[PDB]
């Protein structure tokens, strides 16, 4: 019933300042809409390295997406997606950061490029993983397909590709049509 949800977001060099900002604003739009629910949130920037920008405890105490993300600094480096996802699994989904042990775990990966590292995500198997790939880096079917190994199956359900960063506005509109009292 409880959902612990991590936004794992790309801070690579390829992102223009306004593109990075549109990611930030997308995350806030989502959290604001799901205020006062069974959702609790944390946000991790990844590039070459990984940074938990805020954790579940931070979210619980303040409940203010704007404040929680105010101090994000765009890393401007690589796109170490394998390491990032592994970092979330082992270093973010923990009591110490406010995670609830029995909650349903959800990861929302937002990226504008293919991974710069390699390996596996065995450690993240218990997490429901969604991945949003954005921009001209994902023009080809082959580039979209590379994202599939990161997300839960089927890709048709757990993978979304967006032509541009403006389409995050549109995805948020669509998302809200999937909100129900169950």
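Numbering follows the first chain given and starts at 1.
- The question of which stretch, 107-115 or 69-77, has the higher mean Cα B factor is settled in favour of 69-77.
- The deposited model assigns a higher average Cα B-factor to 56-64 than to the other stretch when 41-49 and 56-64 are compared.
- Ranking 10, 25, 174, 163 by the C-alpha B-factor listed in the PDB entry places 174 at the top.
- In this PDB entry, residue 129 carries a Cα temperature factor that places it within the middle third of its chain's modelled residues.
- Residue 141: CA B factor in the middle third of modelled residues in this chain (values from the PDB entry).
- When the modelled residues of the chain are ordered by their C-alpha B factor, residue 34 lands in the lowest third.
- Ranked within its chain, residue 83 lands in the lowest third, by CA B factor from the PDB record.
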